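So this first bit is one chain, no partners, the form deposited in one PDB entry, shown in structure tokens.
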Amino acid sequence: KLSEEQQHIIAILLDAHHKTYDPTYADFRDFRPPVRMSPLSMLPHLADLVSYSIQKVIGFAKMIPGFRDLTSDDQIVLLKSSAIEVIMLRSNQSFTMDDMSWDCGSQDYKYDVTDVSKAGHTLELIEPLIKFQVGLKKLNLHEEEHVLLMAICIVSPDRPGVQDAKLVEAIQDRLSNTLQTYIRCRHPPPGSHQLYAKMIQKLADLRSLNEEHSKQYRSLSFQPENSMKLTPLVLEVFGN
């Protein structure tokens, strides 16, 4: 059932994730310092964290089978629209349900709901974001399923501004069929029950999170004093 091409796709995506996600979190020392001790005291650190993660998301995307066959315009449209969603998905690796926080190896780099609020965001975003992290963690995805879901998210044909929607759809369909076949062949029950449908629900959840994050980002970044604390990459990708 899982064809050799489908096994190849999975192998490429696992390798791409290993090359672009560093679970030692060594580079966090390079970011502006978190300040917790109201002002948006965590904005400099979290802007650097987000900017670093965007770079890793682009590096992963470039390795998705078929992504490089798209025009530069379409690659750009797809990364601009999906980067926020892929950041939410990939951060699930460091999320822990012990205290509902993102634990990146040390106390300095352990982030909770208060840290997100100290970058300027409100419960309108943060409450659904925690519910998403919990629901995704509860799916107990195989790493194979986690990397396929990130790839499917990036290569979405309904993103605004997509030109060659039929080619985007053809690439995504190959990934979607790989995931559906992987679940049926390699994920034992009961964990596999309705798993594909539950993963696609997480993609719909991400669209809602994207819409809210974009609304609040627009309000935050409209104030020039906040935009001054962002990075050039964040301004280019999330908007200026």
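Shifts are known only where both forms have a C-alpha. Numbering starts at 1 and follows the sequence shown. Throughout, rigid core stands for the largest set of C-alpha atoms superposing within 1.5 Å between the two forms.
- Counting the deposited residues that fall between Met37 and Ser38 and carry no coordinates gives a value of 10 or more.
- Look at the mean CA B-factor for 139-147 and for 158-166 in the entry; the higher one is 158-166.
- When the two stretches 80-88 and 93-101 are set side by side, the higher mean Cα temperature factor goes to 93-101.
- Ranked by C-alpha B-factor against the other modelled residues of its chain, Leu43 falls in the middle third.
- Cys153 sits in the lowest third of its chain by CA B factor, as recorded in the PDB entry.
- Residue-level temperature factors show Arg218 in the highest third of its chain, judged at the C-alpha atom.
- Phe67: CA B factor lies in the highest third for its chain, per the PDB record.
- Residue-level temperature factors show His193 in the highest third of its chain, judged at the C-alpha atom.
FYI, the form deposited in another entry isn't displayed, but the following is about it.
- No residue of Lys62, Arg184, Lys215, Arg29 other than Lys215 has its CA displaced by 2 Å or more between the shown form and the other one when the core is superposed.
- With the core held fixed between the shown form and the other one, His193 has its Cα displaced by at least 2 Å.
- In the other form, the CA atoms of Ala170 and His193 sit closer together than in the displayed form, by at least 3 angstroms.
- In the other form, the separation between the C-alpha atoms of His193 and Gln172 shrinks by 3 Å or more relative to the displayed form.
- Shifted regions between the shown form and the other one (3+ consecutive residues, every CA moving 2 Å or more on the core fit): 186-193, 215-221.
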